[PDB]
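Undergrad: So here's input-v1.cif, just mmCIF, C-alpha atoms:
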```cif
data_entry
loop_
_atom_site.group_PDB
_atom_site.id
_atom_site.type_symbol
_atom_site.label_atom_id
_atom_site.label_comp_id
_atom_site.auth_asym_id
_atom_site.auth_seq_id
_atom_site.Cartn_x
_atom_site.Cartn_y
_atom_site.Cartn_z
ATOM 1 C CA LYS A 5 69.651 97.953 -102.284
ATOM 2 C CA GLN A 6 68.276 98.983 -98.981
ATOM 3 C CA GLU A 7 64.923 100.139 -100.309
ATOM 4 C CA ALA A 8 63.181 100.792 -97.060
ATOM 5 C CA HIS A 9 59.781 99.843 -98.351
ATOM 6 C CA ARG A 10 61.137 96.431 -99.199
ATOM 7 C CA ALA A 11 62.696 95.708 -95.804
ATOM 8 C CA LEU A 12 60.016 93.288 -94.674
ATOM 9 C CA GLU A 13 59.809 91.671 -98.130
ATOM 10 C CA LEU A 14 63.542 90.952 -97.973
ATOM 11 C CA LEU A 15 63.322 89.515 -94.469
ATOM 12 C CA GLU A 16 60.533 87.228 -95.536
ATOM 13 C CA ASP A 17 62.513 86.097 -98.541
ATOM 14 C CA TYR A 18 65.580 85.389 -96.376
ATOM 15 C CA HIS A 19 63.312 83.246 -94.145
ATOM 16 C CA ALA A 20 61.964 81.336 -97.151
ATOM 17 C CA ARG A 21 65.472 80.515 -98.395
ATOM 18 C CA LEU A 22 66.583 79.194 -94.951
ATOM 19 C CA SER A 23 65.657 75.606 -95.604
ATOM 20 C CA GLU A 24 68.577 73.521 -94.303
ATOM 21 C CA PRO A 25 67.835 71.643 -91.129
ATOM 22 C CA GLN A 26 70.982 73.114 -89.329
ATOM 23 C CA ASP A 27 69.548 76.597 -90.081
ATOM 24 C CA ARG A 28 66.077 75.765 -88.625
ATOM 25 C CA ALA A 29 66.557 77.399 -85.227
ATOM 26 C CA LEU A 30 67.481 80.668 -87.030
ATOM 27 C CA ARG A 31 64.419 80.240 -89.295
ATOM 28 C CA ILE A 32 62.090 79.959 -86.273
ATOM 29 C CA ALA A 33 63.701 82.975 -84.610
ATOM 30 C CA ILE A 34 63.185 85.036 -87.743
ATOM 31 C CA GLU A 35 59.469 83.944 -87.867
ATOM 32 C CA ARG A 36 59.090 85.375 -84.362
ATOM 33 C CA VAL A 37 60.664 88.710 -85.483
ATOM 34 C CA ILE A 38 58.333 88.829 -88.506
ATOM 35 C CA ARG A 39 55.232 88.203 -86.282
ATOM 36 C CA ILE A 40 56.284 90.858 -83.754
ATOM 37 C CA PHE A 41 57.016 93.419 -86.483
ATOM 38 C CA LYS A 42 53.669 92.819 -88.285
ATOM 39 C CA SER A 43 51.916 93.229 -84.924
ATOM 40 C CA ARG A 44 53.628 96.622 -84.461
ATOM 41 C CA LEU A 45 52.565 97.667 -87.948
ATOM 42 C CA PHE A 46 48.994 96.453 -87.345
ATOM 43 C CA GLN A 47 48.791 98.498 -84.091
ATOM 44 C CA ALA A 48 50.090 101.565 -85.902
ATOM 45 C CA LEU A 49 47.414 101.224 -88.562
ATOM 46 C CA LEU A 50 44.768 100.767 -85.762
ATOM 47 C CA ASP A 51 46.038 104.093 -84.325
ATOM 48 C CA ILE A 52 44.893 105.696 -87.613
ATOM 49 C CA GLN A 53 41.614 103.705 -87.664
ATOM 50 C CA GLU A 54 40.783 104.693 -84.041
ATOM 51 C CA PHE A 55 41.544 108.402 -84.747
ATOM 52 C CA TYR A 56 39.484 108.276 -87.914
ATOM 53 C CA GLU A 57 36.516 106.857 -85.784
ATOM 54 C CA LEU A 58 36.783 108.752 -82.505
ATOM 55 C CA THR A 59 37.596 112.081 -84.186
ATOM 56 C CA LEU A 60 36.933 112.476 -87.909
ATOM 57 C CA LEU A 61 33.689 110.471 -88.236
ATOM 58 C CA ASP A 62 32.069 111.986 -85.200
ATOM 59 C CA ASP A 63 29.768 114.670 -86.606
ATOM 60 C CA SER A 64 28.986 115.918 -83.061
ATOM 61 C CA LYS A 65 32.493 117.411 -82.829
ATOM 62 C CA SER A 66 33.158 120.900 -84.141
ATOM 63 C CA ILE A 67 35.812 121.442 -86.842
ATOM 64 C CA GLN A 68 37.790 123.210 -84.188
ATOM 65 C CA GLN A 69 37.669 120.235 -81.838
ATOM 66 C CA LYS A 70 38.549 117.835 -84.639
ATOM 67 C CA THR A 71 41.514 120.063 -85.537
ATOM 68 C CA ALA A 72 42.745 120.114 -81.933
ATOM 69 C CA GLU A 73 42.487 116.310 -81.661
ATOM 70 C CA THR A 74 44.264 115.919 -84.997
ATOM 71 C CA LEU A 75 47.113 118.116 -83.905
ATOM 72 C CA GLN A 76 47.381 116.287 -80.562
ATOM 73 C CA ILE A 77 47.757 112.820 -82.132
ATOM 74 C CA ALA A 78 50.565 113.890 -84.476
ATOM 75 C CA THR A 79 52.372 115.709 -81.650
ATOM 76 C CA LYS A 80 52.374 112.511 -79.616
ATOM 77 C CA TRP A 81 53.935 110.645 -82.501
ATOM 78 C CA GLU A 82 56.401 113.439 -83.121
ATOM 79 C CA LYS A 83 57.602 113.301 -79.470
ATOM 80 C CA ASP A 84 57.955 109.506 -79.292
ATOM 81 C CA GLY A 85 61.778 109.608 -80.073
ATOM 82 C CA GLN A 86 62.239 111.637 -76.849
ATOM 83 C CA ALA A 87 59.686 109.668 -74.797
ATOM 84 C CA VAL A 88 60.273 107.708 -71.656
ATOM 85 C CA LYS A 89 58.390 104.500 -72.256
ATOM 86 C CA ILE A 90 58.388 101.831 -69.547
ATOM 87 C CA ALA A 91 58.060 98.173 -70.387
ATOM 88 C CA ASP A 92 55.820 96.017 -68.132
ATOM 89 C CA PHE A 93 54.816 98.972 -66.003
ATOM 90 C CA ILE A 94 52.498 98.999 -62.934
ATOM 91 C CA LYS B 5 34.511 98.154 -92.850
ATOM 92 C CA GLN B 6 37.505 99.166 -90.766
ATOM 93 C CA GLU B 7 40.151 97.040 -92.594
ATOM 94 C CA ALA B 8 43.424 97.880 -90.897
ATOM 95 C CA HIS B 9 45.555 97.682 -93.973
ATOM 96 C CA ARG B 10 43.465 100.338 -95.606
ATOM 97 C CA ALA B 11 43.372 102.721 -92.640
ATOM 98 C CA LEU B 12 45.750 105.248 -94.177
ATOM 99 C CA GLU B 13 43.962 105.007 -97.534
ATOM 100 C CA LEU B 14 40.757 105.985 -95.936
ATOM 101 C CA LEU B 15 42.430 108.940 -94.200
ATOM 102 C CA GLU B 16 43.936 110.066 -97.605
ATOM 103 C CA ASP B 17 40.397 109.875 -99.079
ATOM 104 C CA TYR B 18 38.946 111.985 -96.195
ATOM 105 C CA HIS B 19 41.697 114.585 -96.823
ATOM 106 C CA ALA B 20 40.839 114.714 -100.503
ATOM 107 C CA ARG B 21 37.121 115.357 -99.833
ATOM 108 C CA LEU B 22 37.825 118.075 -97.190
ATOM 109 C CA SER B 23 37.917 120.989 -99.640
ATOM 110 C CA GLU B 24 35.841 123.825 -98.083
ATOM 111 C CA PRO B 25 37.742 126.908 -96.830
ATOM 112 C CA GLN B 26 36.274 126.673 -93.307
ATOM 113 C CA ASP B 27 37.689 123.131 -93.077
ATOM 114 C CA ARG B 28 41.193 124.080 -94.301
ATOM 115 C CA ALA B 29 42.815 124.181 -90.858
ATOM 116 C CA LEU B 30 41.614 120.592 -90.267
ATOM 117 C CA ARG B 31 42.919 119.612 -93.766
ATOM 118 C CA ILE B 32 46.373 120.973 -92.932
ATOM 119 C CA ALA B 33 46.352 119.220 -89.557
ATOM 120 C CA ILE B 34 45.511 115.932 -91.333
ATOM 121 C CA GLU B 35 48.436 116.534 -93.772
ATOM 122 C CA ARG B 36 50.668 116.710 -90.709
ATOM 123 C CA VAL B 37 49.224 113.380 -89.375
ATOM 124 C CA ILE B 38 49.883 111.743 -92.691
ATOM 125 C CA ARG B 39 53.463 113.074 -92.876
ATOM 126 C CA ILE B 40 54.315 112.058 -89.332
ATOM 127 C CA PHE B 41 52.694 108.622 -89.717
ATOM 128 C CA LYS B 42 54.720 107.928 -92.856
ATOM 129 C CA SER B 43 57.882 108.909 -90.912
ATOM 130 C CA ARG B 44 56.876 106.435 -88.172
ATOM 131 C CA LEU B 45 56.466 103.658 -90.797
ATOM 132 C CA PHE B 46 59.810 104.555 -92.426
ATOM 133 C CA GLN B 47 61.639 104.405 -89.122
ATOM 134 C CA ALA B 48 60.019 101.045 -88.329
ATOM 135 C CA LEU B 49 61.165 99.686 -91.725
ATOM 136 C CA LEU B 50 64.680 100.945 -91.025
ATOM 137 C CA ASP B 51 64.632 98.978 -87.729
ATOM 138 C CA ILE B 52 64.215 95.833 -89.922
ATOM 139 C CA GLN B 53 66.822 97.022 -92.489
ATOM 140 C CA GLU B 54 69.363 97.722 -89.753
ATOM 141 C CA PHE B 55 68.853 94.199 -88.146
ATOM 142 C CA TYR B 56 68.975 92.562 -91.569
ATOM 143 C CA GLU B 57 72.302 94.326 -92.345
ATOM 144 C CA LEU B 58 73.995 93.967 -89.003
ATOM 145 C CA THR B 59 72.910 90.356 -88.245
ATOM 146 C CA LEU B 60 71.604 88.407 -91.150
ATOM 147 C CA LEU B 61 73.827 89.627 -94.025
ATOM 148 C CA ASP B 62 77.070 89.256 -92.100
ATOM 149 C CA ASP B 63 78.557 85.975 -93.348
ATOM 150 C CA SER B 64 81.258 86.140 -90.627
ATOM 151 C CA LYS B 65 78.668 85.425 -87.933
ATOM 152 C CA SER B 66 77.777 81.764 -87.178
ATOM 153 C CA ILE B 67 74.164 80.572 -87.402
ATOM 154 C CA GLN B 68 74.260 80.263 -83.618
ATOM 155 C CA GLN B 69 75.336 83.897 -83.221
ATOM 156 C CA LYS B 70 72.753 85.089 -85.722
ATOM 157 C CA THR B 71 70.109 83.120 -83.864
ATOM 158 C CA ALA B 72 71.087 84.662 -80.531
ATOM 159 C CA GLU B 73 70.951 88.161 -81.996
ATOM 160 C CA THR B 74 67.585 87.478 -83.660
ATOM 161 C CA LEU B 75 66.131 86.207 -80.406
ATOM 162 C CA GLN B 76 67.420 89.290 -78.537
ATOM 163 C CA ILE B 77 65.902 91.709 -81.058
ATOM 164 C CA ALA B 78 62.523 89.974 -80.814
ATOM 165 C CA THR B 79 62.660 90.188 -76.981
ATOM 166 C CA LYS B 80 63.458 93.868 -77.207
ATOM 167 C CA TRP B 81 60.764 94.628 -79.780
ATOM 168 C CA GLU B 82 58.150 92.658 -77.777
ATOM 169 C CA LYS B 83 58.975 94.843 -74.660
ATOM 170 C CA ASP B 84 58.784 97.966 -76.820
ATOM 171 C CA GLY B 85 55.363 96.922 -78.138
ATOM 172 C CA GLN B 86 53.758 97.121 -74.756
ATOM 173 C CA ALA B 87 55.782 99.872 -73.114
ATOM 174 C CA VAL B 88 53.795 102.870 -71.823
ATOM 175 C CA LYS B 89 54.810 106.453 -72.093
ATOM 176 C CA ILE B 90 55.182 108.406 -68.867
ATOM 177 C CA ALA B 91 56.996 111.559 -70.087
ATOM 178 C CA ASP B 92 58.952 113.143 -72.879
ATOM 179 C CA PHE B 93 61.880 115.445 -72.679
ATOM 180 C CA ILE B 94 62.316 118.690 -74.708
ATOM 181 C CA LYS B 95 64.946 118.327 -77.498
#
```
What does the file become when written as structure tokens?

TA:
Amino acid sequence: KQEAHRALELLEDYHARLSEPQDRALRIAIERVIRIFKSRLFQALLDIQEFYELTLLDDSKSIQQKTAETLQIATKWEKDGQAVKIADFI
Amino acid sequence: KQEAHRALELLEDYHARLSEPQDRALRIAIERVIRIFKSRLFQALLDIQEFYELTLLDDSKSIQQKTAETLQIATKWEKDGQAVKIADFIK
């Protein structure tokens, strides 16, 4: 139970088993959750891809510079639980 | 290539090839990226697990109430997905 790596798998399976017409509104709402979650995951993975490209693959940057940039990215992620993040900002 | 689903794999491979002593500080910094990224993914997965438990598994909630809750969590997560950081507080 509650194997974190399976969380999305289980949500998808719950969706698949929701096949009665009186349950259809819930089914469509869960599809929206699934889409939104996979978009979050995709953006996270692009954070890695963009770091890999801007920093690690750029042979013009010194090891020192690459190290600094590498530390900076992880610090941002580490601080996100205490971050003030404003939806639909100016 | 840049296939998103393999982005962490490629980073793991770069780490593995970064074996010279002058590059060791960068290797250790990359270990920290990998650790922190995995924590981010775990926490995201727990956001699903927590919704699944609280809403979908609770047979005492009507389909209507589960639907309402599911819609609200999508609205919230959509706002979160585009929110911009302005500050963080120590602690």

Undergrad: Can you list, as a list in words, the residues that the PyMOL selection byres ((chain B) within 6 of (chain A)) selects here?

TA: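 What the PyMOL selection byres ((chain B) within 6 of (chain A)) grabs from the file is residues 8, 11, 30, 33, 37, 49, 53, 71, 75, 78, 83, 87, 88, 89, 90, 91, 92 and 93 of chain B.
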
Undergrad: If you keep C-alpha atoms, can you produce a file of those selected residues as a compact mmCIF listing (two decimals), keeping the file's coordinate frame?

TA:
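Written out: out13.txt:
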```
# COMPACT_ATOMS: atom_id res chain seq x y z
CA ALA B 8 43.42 97.88 -90.90
CA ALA B 11 43.37 102.72 -92.64
CA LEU B 30 41.61 120.59 -90.27
CA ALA B 33 46.35 119.22 -89.56
CA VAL B 37 49.22 113.38 -89.38
CA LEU B 49 61.16 99.69 -91.72
CA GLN B 53 66.82 97.02 -92.49
CA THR B 71 70.11 83.12 -83.86
CA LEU B 75 66.13 86.21 -80.41
CA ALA B 78 62.52 89.97 -80.81
CA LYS B 83 58.98 94.84 -74.66
CA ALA B 87 55.78 99.87 -73.11
CA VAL B 88 53.80 102.87 -71.82
CA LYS B 89 54.81 106.45 -72.09
CA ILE B 90 55.18 108.41 -68.87
CA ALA B 91 57.00 111.56 -70.09
CA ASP B 92 58.95 113.14 -72.88
CA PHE B 93 61.88 115.44 -72.68
```

Undergrad: Quick one: distance from atom CA of residue A:5 to atom CA of residue B:46 in Å, one decimal?

TA: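 Atom CA of residue B:46 lies 15.4 Å from atom CA of residue A:5.
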
Undergrad: What separation in Å, quoted to one decimal, exists between atom CA of residue B:31 and atom CA of residue B:16?

TA: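 For atom CA of residue B:31 relative to atom CA of residue B:16, the distance reads 10.3 Å.
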
Undergrad: Suppose you want the space between atom CA of residue B:20 and atom CA of residue B:47; what is it in Å?

TA: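 Going from atom CA of residue B:20 over to atom CA of residue B:47, I get 25.9 Å.
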
Undergrad: List the neighbours of residue B:61 out to 10 Å using all atoms listed in the file; skip same-chain residues closer than 5 positions along the sequence, and give me the result as a ChimeraX atom specification.

TA: /A:18 /B:55-56,70

Undergrad: Please determine, counting all atoms listed in the file, which residue among A:64, A:59, A:13, A:20 has the shortest atom-to-atom distance to residue B:52.

TA: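 Between A:64, A:59, A:13, A:20, the residue approaching residue B:52 most closely is A:13.
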